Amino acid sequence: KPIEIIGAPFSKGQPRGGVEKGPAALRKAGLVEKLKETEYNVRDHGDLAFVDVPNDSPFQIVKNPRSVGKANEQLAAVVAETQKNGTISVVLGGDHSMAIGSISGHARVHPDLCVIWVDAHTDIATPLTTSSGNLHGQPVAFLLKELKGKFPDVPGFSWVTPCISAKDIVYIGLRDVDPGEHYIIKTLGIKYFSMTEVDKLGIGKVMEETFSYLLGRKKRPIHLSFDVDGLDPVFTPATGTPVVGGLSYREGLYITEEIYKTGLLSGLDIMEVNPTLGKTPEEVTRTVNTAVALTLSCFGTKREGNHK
């Protein structure tokens, strides 16, 4: 089962420009050539060419609706194709709003996929509860069935079909959830391991509980949507919304090594890398290298070593 690298240099889902540079920054590190070194065959789809929507005025408080909807509708189609072709999709992107297309496309082919969301945030605010109107903080809202109809139709998102149930997603790294989002994950019974449960249980038991919860009954495709801000600012500083007390570099790798071991990874997202937000060049180097390491970890690179 080969790998399909897909670049999504998009930032309209958030206010901080620079995130569209993430794909180039990651490729610059030799991500594709380093991935080919693994036991997986790699193919680089290249980046997508998202084109802005003319009079794309805010829909209520939501900004760039049509453009974010259009960019995502294209990614869904792209990821759906690659998924149908028996390959694992890996999206390097701008902001996390792209998880809409990525996950949607992935779910069209594998409607039984489960999601592991590594983030400092729940990104589950909806067009009504969001206190910012930035779409990278609402992706899970357009994807969850339980939220379907719980908010007005958004211009440009008519194509989206709620593909995942509240029971098919697990959050890890949470530590900056707004009032609305917390109410939601709580009333919907969504499984999450906030930084509190990680400190209490240790990353080892956390993954055990994540897999028993998602892959307990039967096995199914795993979609890992990784927001680099899920890790501590010490390791992934070049990002739009950094939050202290995050996942360590080590816990980040552990998560990926365990996901690798299941042999069920079907879709992967590496998001929010913003190379223009490094206080120094080295904070970017640090962020990019951590992102590359986790990506390779998802595909076999183990810290104890590897050989053929």
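Residues carry their position along the shown sequence, with the first being 1.
S.K.: Look over 168 to 176 and 141 to 149 in the entry and identify the one with the greater average Cα temperature factor.
M.R.: Mean B over CA atoms: larger for 141 to 149.
S.K.: Out of 298 to 306 and 3 to 11, which stretch has the higher average CA B-factor listed in the record?
M.R.: Averaged over C-alpha atoms, the B-factors run higher in 3 to 11.
S.K.: In terms of CA temperature factor as recorded, identify the highest of 267, 245, 30, 54.
M.R.: Reading the PDB entry, the winner on C-alpha B-factor is 54.
S.K.: Highest Cα temperature factor in the entry, among the options 271, 253, 259, 277: which one is it?
M.R.: It is 277.
S.K.: Lowest, middle or highest third: where is residue 240 by C-alpha B factor in its chain?
M.R.: It belongs to the lowest third of the chain when residues are ordered by C-alpha B-factor.
S.K.: Lowest, middle or highest third of the chain for the C-alpha temperature factor of residue 194?
M.R.: Answer is lowest: the recorded C-alpha B-factor places it there.
S.K.: If you rank the chain by CA B-factor, which third does residue 219 end up in: lowest, middle or highest?
M.R.: CA B-factor rank for residue 219: highest third.
S.K.: Please place residue 87 in the lowest, middle or highest third of its chain according to the CA B-factor in the PDB entry.
M.R.: Tercile = highest for this residue's CA B-factor.
S.K.: Please say which third, lowest, middle or highest, residue 163 falls into when its CA temperature factor is compared across its chain.
M.R.: For residue 163, whose C-alpha B-factor we compare with every modelled residue in the chain, the answer is the highest third.
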